[PDB]
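Peer 1:
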Amino acid sequence: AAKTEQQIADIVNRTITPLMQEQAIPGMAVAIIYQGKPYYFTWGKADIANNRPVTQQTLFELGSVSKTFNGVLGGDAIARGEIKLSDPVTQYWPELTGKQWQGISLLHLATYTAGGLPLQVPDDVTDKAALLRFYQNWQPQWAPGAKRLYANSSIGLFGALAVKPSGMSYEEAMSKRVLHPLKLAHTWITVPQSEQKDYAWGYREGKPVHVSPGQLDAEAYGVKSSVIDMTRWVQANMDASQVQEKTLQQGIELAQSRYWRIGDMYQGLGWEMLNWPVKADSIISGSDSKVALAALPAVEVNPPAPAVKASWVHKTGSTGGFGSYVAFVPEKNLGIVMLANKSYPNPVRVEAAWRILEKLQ
Numbered sequence: 001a002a003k004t005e006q007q008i009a010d011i012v013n014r015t016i017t018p019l020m021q022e023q024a025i026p027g028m029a030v031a032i033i034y035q036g037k038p039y040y041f042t043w044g045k046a047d048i049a050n051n052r053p054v055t056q057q058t059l060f061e062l063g064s065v066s067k068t069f070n071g072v073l074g075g076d077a078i079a080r081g082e083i084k085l086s087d088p089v090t091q092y093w094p095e096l097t098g099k100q101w102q103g104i105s106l107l108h109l110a111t112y113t114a115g116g117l118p119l120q121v122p123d124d125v126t127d128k129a130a131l132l133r134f135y136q137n138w139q140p141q142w143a144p145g146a147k148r149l150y151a152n153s154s155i156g157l158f159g160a161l162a163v164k165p166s167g168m169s170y171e172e173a174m175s176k177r178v179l180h181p182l183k184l185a186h187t188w189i190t191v192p193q194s195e196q197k198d199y200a201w202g203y204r205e206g207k208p209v210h211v212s213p214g215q216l217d218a219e220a221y222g223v224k225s226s227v228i229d230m231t232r233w234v235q236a237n238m239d240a241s242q243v244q245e246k247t248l249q250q251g252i253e254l255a256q257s258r259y260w261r262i263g264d265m266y267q268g269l270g271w272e273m274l275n276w277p278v279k280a281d282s283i284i285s286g287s288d289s290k291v292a293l294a295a296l297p298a299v300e301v302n303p304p305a306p307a308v309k310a311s312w313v314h315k316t317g318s319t320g321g322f323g324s325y326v327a328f329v330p331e332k333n334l335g336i337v338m339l340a341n342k343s344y345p346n347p348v349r350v351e352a353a354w355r356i357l358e359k360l361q
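Heads up: the sequence shown at position 15 corresponds to 15 in mature numbering (1 follows the signal peptide of the UniProt record, and there is no 0), and the numbers run straight through without jumps.
#1: Measure the C-alpha to C-alpha separation of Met-20 and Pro-26 and round it to an integer number of angstroms.
#2: Indicate whether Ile-155 and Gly-270 have their beta-carbon atoms separated by less than 8 Å.
#3: Please go through the same chain and pick out, in chain order, the residues whose beta-carbon is closer than 6 Å to the beta-carbon of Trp-354, but skip the five residues on each side of it.
#4: Starting from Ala-110, trace the alpha helix (DSSP H) both ways and give me its first and last residue.
#5: Give the secondary structure of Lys-246 by DSSP, where H, G and I count as helix, E and B as strand, and everything else as coil.
#6: Is it buried or exposed, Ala-24, if we count other Cβ atoms within 10 angstroms and call 16 or more buried?
#7: In chain order, what residues of the same chain lie with their CB nearer than 7 Å to the CB of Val-125, ignoring the 5 residues before and after it?
#8: Quick one: is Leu-293 buried, meaning 16 or more other Cβ sit within 10 Å of its Cβ, or exposed?
#9: Could you check where the beta strand (DSSP E) with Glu-272 kicks off and where it finishes?
#10: Just how far apart, CA to CA, sit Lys-37 and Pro-304?
#11: Using DSSP's beta-bridge definition, name the partner residues of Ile-16.
#12: Short check: CB of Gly-323 to CB of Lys-342, under 8 Å?
#13: Are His-186 and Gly-321 closer than 8 Å when you measure CB to CB?
#14: Under DSSP, the beta strand (DSSP E) around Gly-335 begins and ends at which residues?
#15: I need the straight-line Cα distance from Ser-175 to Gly-71, nearest angstrom please.
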């Protein structure tokens with residue numbers, strides 16, 4: 001018996017209501033993809049001050065979910081034959097000298113195994129000249145491919161280098177090559193003046209906050225999107241076959257290939273996958289900052305393993321004011337998008353998603 005909208009409504013409501021309460025989230029937006037059909041739900045308020053409620057059109061900061069956009073754009077470029085994952089970083093930024101860079105490829109940056117690029121670009125690095133200096137002076141902790149350390153400075157750099165051949169900016173390339181084709185008209189890097197009325201305020205210690213500028217912001221954490229756009233984004237990735245642009249369909253597929261095995265978890269391009277069915281505890285406890293930010297040994301999958309439908313694909317993302325979570329199981333044609341205007345613990349996100357989806361499988 002296929003569940004009915006109202007049964008889906010009770011499961012969702014039953015889970016989120018309590019969550020919003022204990023974590024004290026001002027507003028939320030959730031989309032369920034159940035047998036390929038989207039169901040949207042909205043709770044709370046986007047601007048406590050101006051008393052504006054969350055809508056299906058409300059823009060949320062995706063934080064690190066932005067990395068999924070990066071991975072796919074990189075994929076498309078590969079597909080076009082513009083870049084090769086195996087190519088040296090040096091090829092793309094010749095101004096970037098230093099023998100510590102000699103054996104590092106695109107792959108290593110994309111997949112956080114370059115040898116310890118830090119989580120964030122330093123606080124005293126706020127312009128492009130400082131950026132070059134930073135990387136020029138950077139001192140590797142491990143040999144390339146040795147371990148995985150989750151870092152904005154790694155994937156961030158991958159994004160910037162990957163659009164180089166095209167001669168487009170990242171923002172231009174992203175709009176042209178991915179957003180336009182999938183009709184993500186409510187997905188932005190820079191939110192227009194015209195759309196400010198739909199831009200939710202993020203809440204930090206009860207204070208309204210928006211993500212600030214930074215080196216490699218667009219590439220690692222600066223996408224803004226609505227419940228509806230996140231949902232089309234999930235559908236497209238869930239099944240690349242529906243995508244008309246051959247290169248984009250191919251990039252989606254490459255982004256979901258498996259390059260590294262990091263104990264039961266596989267690293268794609270922005271997306272992280274686990275085999276299905278998976279144990280709840282594995283995903284929940286692997287989402288904790290204690291595990292997710294650690295340096296772990298990485299076993300290489302070369303040639304990469306292809307995207308399989310029997311997988312649990314997901315990405316967590318946060319900003320000072322926002323908490324996002326997205327997951328999908330291609331094989332069951334099920335997924336969830338969870339957008340909040342308050343950053344709350346990773347494991348609570350993952351755990352609530354699982355609760356909802358276990359009930360629908």
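The beta-carbon is built from N, C-alpha and C at its ideal position, and this holds for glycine as well.
Peer 2: Taking the coordinates as given:
#1: Rounded to whole angstroms, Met-20 to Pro-26 spans 7 Å at the Cα level.
#2: The criterion of a C-beta distance shorter than 8 Å is satisfied by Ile-155 and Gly-270.
#3: For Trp-354, where only same-chain residues beyond five positions count, the Cβ hits under 6 Å are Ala-280.
#4: Per DSSP, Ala-110 is one residue of the alpha helix (DSSP H) stretching across 106–110.
#5: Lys-246 falls in the helix class under three-state DSSP.
#6: Exposed: under 16 other Cβ atoms inside 10 Å.
#7: Excluding sequence neighbours, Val-125 sits near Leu-131, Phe-134, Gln-215.
#8: It is exposed - the Cβ of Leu-293 has fewer than 16 other Cβ atoms within 10 Å.
#9: For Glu-272, the enclosing beta strand (DSSP E) has its first and last residue at 272–275.
#10: Approximately 31 Å between the Cα atoms of the pair.
#11: Looking at the DSSP assignment, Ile-16 forms no beta bridge with any residue, so it has no partner.
#12: The Cβ atoms of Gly-323 and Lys-342 sit closer than 8 Å to each other.
#13: In this structure, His-186 keeps its C-beta atom at 8 Å or more from the C-beta atom of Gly-321.
#14: Segment 334–340, the beta strand (DSSP E) holding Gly-335.
#15: Each residue's CA atom was taken as its position, placing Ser-175 and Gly-71 some 14 Å apart.
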